[PDB]
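Structure record follows, encoded as structure tokens.
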Amino acid sequence: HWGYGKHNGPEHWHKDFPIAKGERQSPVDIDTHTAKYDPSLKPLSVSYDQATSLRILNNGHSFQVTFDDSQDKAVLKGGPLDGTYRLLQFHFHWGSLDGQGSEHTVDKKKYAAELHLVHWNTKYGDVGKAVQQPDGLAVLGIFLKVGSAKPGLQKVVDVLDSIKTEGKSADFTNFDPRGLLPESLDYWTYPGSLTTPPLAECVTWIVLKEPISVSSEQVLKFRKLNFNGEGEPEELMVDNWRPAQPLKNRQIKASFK
Ligand SMILES: [Zn+2]
């Protein structure tokens, strides 16, 4: 099975998922001087007030918080998007040290972690159908740097003890994802892919320019999770990030000058 180790990591994934060498793979380096300000880009609309979180789960490659996506409760609209995208889950990528962990980079700079809020286009009816469409998903990416604590993250951090190993889940209701967002919704956008297998090329990426700050104690909690299941040799869930992929025939657009 795929993972992030020497023998099953990102350099291996193309064997089971040949699209790994495709024309619109993610993540990418965001060269801030080459990204073009697009005045026609609209402001992002993040409507999370009615979000209904359900569970938190260790899926063996990250931990994710899942939401009720059976109605338009928490949706992403506007920005570069046509139509309405429902929030399904969020998860993180992080490092073993504070100088690595993000998937996207900014002028080659790596952040300590990266939050992905995953939304799917409601015109395709279900997320399984959406991942087979070039505009099926919209992922909101938010960088994490280490500094001051993020109060809105603490509820997540405090439950990680209970989902240490692959396959464990817990109730995680009434979690408000608005508490994870930075002040500014200024963003970069480009067409890409899932950054985990099956690496489907169905994602409009929206990467916020402003990172959030989390504390060292908070990120330390991430690094105590485990890739392995209960009872197997302990392998810390760290460095669960895919490196930057070739930009190829793509332009990154900026909503801001
Ligand atoms: Zn991700």
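All residue names refer to the structure tokens as shown: chains lettered A, B, ... in order, residues numbered from 1 in each chain, ligands numbered from 1 in order.
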Item to complete: Find the residues around residue 50 (chain A) up to 12 Å (only C-alpha atoms counted), leave out those fewer than 6 positions away in its own chain, and share them as a VMD selection string.
Response: chain A and resid 67 to 69 71 to 75 86 to 87 174 to 178
Fill in: Nearby residues, ligand 1, 9 Å, only C-alpha atoms and all ligand atoms, as a PyMOL selection string
chain A and resi 62+90-93+103+114-118+139+141+194-196+241-242
Just N, CA and C atoms for this one: save the residues we selected as a PDB file, in the first residue's frame.
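Below is the file result-v1.pdb, written as the result:
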```pdb
ATOM      1  N   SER A  62      -3.201  10.709   7.280  1.00  0.00           N
ATOM      2  CA  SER A  62      -3.446  11.994   7.916  1.00  0.00           C
ATOM      3  C   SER A  62      -4.486  11.713   8.984  1.00  0.00           C
ATOM      4  N   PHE A  90     -11.813  18.117   6.268  1.00  0.00           N
ATOM      5  CA  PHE A  90     -10.514  18.754   6.258  1.00  0.00           C
ATOM      6  C   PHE A  90      -9.491  17.835   6.917  1.00  0.00           C
ATOM      7  N   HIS A  91      -8.238  18.052   6.548  1.00  0.00           N
ATOM      8  CA  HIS A  91      -7.114  17.273   7.037  1.00  0.00           C
ATOM      9  C   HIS A  91      -5.866  18.119   6.889  1.00  0.00           C
ATOM     10  N   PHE A  92      -4.756  17.595   7.408  1.00  0.00           N
ATOM     11  CA  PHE A  92      -3.476  18.298   7.422  1.00  0.00           C
ATOM     12  C   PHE A  92      -2.344  17.437   6.856  1.00  0.00           C
ATOM     13  N   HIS A  93      -1.280  18.122   6.451  1.00  0.00           N
ATOM     14  CA  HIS A  93       0.019  17.567   6.114  1.00  0.00           C
ATOM     15  C   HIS A  93       1.034  18.309   6.966  1.00  0.00           C
ATOM     16  N   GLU A 103       2.776  21.114   1.546  1.00  0.00           N
ATOM     17  CA  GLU A 103       2.810  20.522   0.215  1.00  0.00           C
ATOM     18  C   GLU A 103       3.065  21.597  -0.819  1.00  0.00           C
ATOM     19  N   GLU A 114       0.191  22.176   6.423  1.00  0.00           N
ATOM     20  CA  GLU A 114      -0.786  22.681   5.464  1.00  0.00           C
ATOM     21  C   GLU A 114      -2.125  22.027   5.719  1.00  0.00           C
ATOM     22  N   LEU A 115      -3.132  22.883   5.863  1.00  0.00           N
ATOM     23  CA  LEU A 115      -4.523  22.496   6.020  1.00  0.00           C
ATOM     24  C   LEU A 115      -5.224  22.478   4.670  1.00  0.00           C
ATOM     25  N   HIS A 116      -5.945  21.387   4.413  1.00  0.00           N
ATOM     26  CA  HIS A 116      -6.757  21.225   3.218  1.00  0.00           C
ATOM     27  C   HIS A 116      -8.204  21.039   3.608  1.00  0.00           C
ATOM     28  N   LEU A 117      -9.037  21.973   3.168  1.00  0.00           N
ATOM     29  CA  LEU A 117     -10.484  21.874   3.289  1.00  0.00           C
ATOM     30  C   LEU A 117     -11.024  21.446   1.927  1.00  0.00           C
ATOM     31  N   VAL A 118     -11.599  20.249   1.882  1.00  0.00           N
ATOM     32  CA  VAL A 118     -11.964  19.575   0.638  1.00  0.00           C
ATOM     33  C   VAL A 118     -13.463  19.725   0.392  1.00  0.00           C
ATOM     34  N   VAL A 139     -10.270  22.652  -3.360  1.00  0.00           N
ATOM     35  CA  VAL A 139      -9.571  22.470  -2.087  1.00  0.00           C
ATOM     36  C   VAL A 139      -9.013  23.806  -1.662  1.00  0.00           C
ATOM     37  N   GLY A 141      -6.525  25.590   0.572  1.00  0.00           N
ATOM     38  CA  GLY A 141      -5.266  25.281   1.238  1.00  0.00           C
ATOM     39  C   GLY A 141      -4.799  26.450   2.091  1.00  0.00           C
ATOM     40  N   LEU A 194      -5.661  15.902  -6.624  1.00  0.00           N
ATOM     41  CA  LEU A 194      -5.447  15.388  -5.281  1.00  0.00           C
ATOM     42  C   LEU A 194      -3.954  15.179  -5.080  1.00  0.00           C
ATOM     43  N   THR A 195      -3.477  15.385  -3.857  1.00  0.00           N
ATOM     44  CA  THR A 195      -2.072  15.165  -3.568  1.00  0.00           C
ATOM     45  C   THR A 195      -1.810  13.809  -2.938  1.00  0.00           C
ATOM     46  N   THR A 196      -2.847  13.010  -2.730  1.00  0.00           N
ATOM     47  CA  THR A 196      -2.737  11.614  -2.352  1.00  0.00           C
ATOM     48  C   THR A 196      -3.359  10.738  -3.426  1.00  0.00           C
ATOM     49  N   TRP A 241       3.646  14.569   3.466  1.00  0.00           N
ATOM     50  CA  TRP A 241       3.467  15.559   2.427  1.00  0.00           C
ATOM     51  C   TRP A 241       4.091  15.063   1.140  1.00  0.00           C
ATOM     52  N   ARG A 242       3.422  15.381   0.050  1.00  0.00           N
ATOM     53  CA  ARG A 242       3.970  15.186  -1.288  1.00  0.00           C
ATOM     54  C   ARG A 242       4.734  16.427  -1.710  1.00  0.00           C
TER      55      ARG A 242
END
```
Worksheet item: Hey, what does DSSP flag as strand (DSSP E or B) within region 80-255 of chain A? Can you give it to me as a PyMOL selection string?
Response: chain A and resi 85-94+105-106+109+113-121+137-146+169-171+187-192+203-208+212-214+226+236+253-254
Convert the current residue selection to file output with C-alpha atoms, as an mmCIF file, in the first residue's frame.
```
data_model
loop_
_atom_site.group_PDB
_atom_site.id
_atom_site.type_symbol
_atom_site.label_atom_id
_atom_site.label_comp_id
_atom_site.auth_asym_id
_atom_site.auth_seq_id
_atom_site.Cartn_x
_atom_site.Cartn_y
_atom_site.Cartn_z
ATOM 1 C CA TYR A 85 -18.937 23.302 -3.570
ATOM 2 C CA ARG A 86 -19.852 21.453 -0.359
ATOM 3 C CA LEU A 87 -17.343 20.946 2.466
ATOM 4 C CA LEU A 88 -16.761 17.225 2.989
ATOM 5 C CA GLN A 89 -13.671 17.049 5.171
ATOM 6 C CA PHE A 90 -10.514 18.754 6.258
ATOM 7 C CA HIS A 91 -7.114 17.273 7.037
ATOM 8 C CA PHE A 92 -3.476 18.298 7.422
ATOM 9 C CA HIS A 93 0.019 17.567 6.114
ATOM 10 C CA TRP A 94 2.917 18.213 8.461
ATOM 11 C CA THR A 105 5.562 26.052 -1.274
ATOM 12 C CA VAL A 106 5.832 29.819 -1.758
ATOM 13 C CA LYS A 109 9.536 28.194 1.154
ATOM 14 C CA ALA A 113 2.080 22.246 7.902
ATOM 15 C CA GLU A 114 -0.786 22.681 5.464
ATOM 16 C CA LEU A 115 -4.523 22.496 6.020
ATOM 17 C CA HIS A 116 -6.757 21.225 3.218
ATOM 18 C CA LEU A 117 -10.484 21.874 3.289
ATOM 19 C CA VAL A 118 -11.964 19.575 0.638
ATOM 20 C CA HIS A 119 -15.164 20.561 -1.179
ATOM 21 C CA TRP A 120 -17.030 18.935 -4.077
ATOM 22 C CA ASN A 121 -19.132 20.447 -6.888
ATOM 23 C CA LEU A 137 -13.352 19.451 -6.299
ATOM 24 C CA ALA A 138 -12.220 22.716 -4.796
ATOM 25 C CA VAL A 139 -9.571 22.470 -2.087
ATOM 26 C CA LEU A 140 -8.903 25.441 0.140
ATOM 27 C CA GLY A 141 -5.266 25.281 1.238
ATOM 28 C CA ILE A 142 -4.010 27.157 4.281
ATOM 29 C CA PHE A 143 -0.409 27.264 5.453
ATOM 30 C CA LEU A 144 0.566 26.764 9.100
ATOM 31 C CA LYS A 145 3.605 28.407 10.653
ATOM 32 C CA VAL A 146 4.838 27.897 14.201
ATOM 33 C CA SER A 169 -12.213 7.455 14.864
ATOM 34 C CA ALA A 170 -14.115 9.524 17.391
ATOM 35 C CA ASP A 171 -17.178 11.704 17.616
ATOM 36 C CA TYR A 187 -5.511 33.618 -2.637
ATOM 37 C CA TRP A 188 -3.632 31.987 -5.457
ATOM 38 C CA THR A 189 -5.502 29.578 -7.739
ATOM 39 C CA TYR A 190 -4.529 27.011 -10.342
ATOM 40 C CA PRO A 191 -5.882 23.709 -11.738
ATOM 41 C CA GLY A 192 -4.419 20.583 -10.153
ATOM 42 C CA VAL A 203 -9.138 19.936 -8.195
ATOM 43 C CA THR A 204 -9.385 23.707 -8.408
ATOM 44 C CA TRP A 205 -6.747 24.734 -5.875
ATOM 45 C CA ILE A 206 -7.337 27.888 -3.838
ATOM 46 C CA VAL A 207 -4.293 28.558 -1.643
ATOM 47 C CA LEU A 208 -4.510 31.391 0.862
ATOM 48 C CA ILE A 212 -2.242 30.797 10.312
ATOM 49 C CA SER A 213 0.071 30.510 13.289
ATOM 50 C CA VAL A 214 -0.087 27.444 15.519
ATOM 51 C CA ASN A 226 0.953 7.042 14.104
ATOM 52 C CA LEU A 236 5.264 8.386 13.834
ATOM 53 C CA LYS A 253 -3.375 33.417 -10.784
ATOM 54 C CA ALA A 254 -3.485 35.766 -7.805
#
```
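In this structure, CA of residue 184 (chain A) sits 18.6 Å away from CA of residue 252 (chain A).
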Worksheet item: Could you state the separation of CA of residue 58 (chain A) and CA of residue 125 (chain A) in Å, given to one decimal place?
Response: 26.3 Å
Worksheet entry | DSSP-assigned helix (DSSP H, G or I) members of region 16-253 of chain A, reported as JSON, numbers by chain | {"A": [16, 18, 19, 20, 21, 122, 123, 124, 127, 128, 129, 130, 151, 152, 153, 154, 155, 156, 157, 158, 159, 160, 161, 162, 163, 177, 178, 179, 180, 216, 217, 218, 219, 220, 221, 222]}
Worksheet item: Taking only C-alpha atoms into account, which of A:11, A:29, A:161, A:217 comes nearest residue 244 (chain A)?
Response: A:29
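Counting only C-alpha atoms, the residue from A:108, A:42, A:61, A:123 that sits nearest to residue 79 (chain A) is A:42.
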Worksheet, complete the sentence: Using only C-alpha atoms, the shortest atom-to-atom distance to residue 122 (chain A) among A:76, A:100, A:166, A:158 belongs to A:76
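Across the model, the gap from CA of residue 218 (chain A) to CA of residue 1 (chain A) is 29.1 Å.
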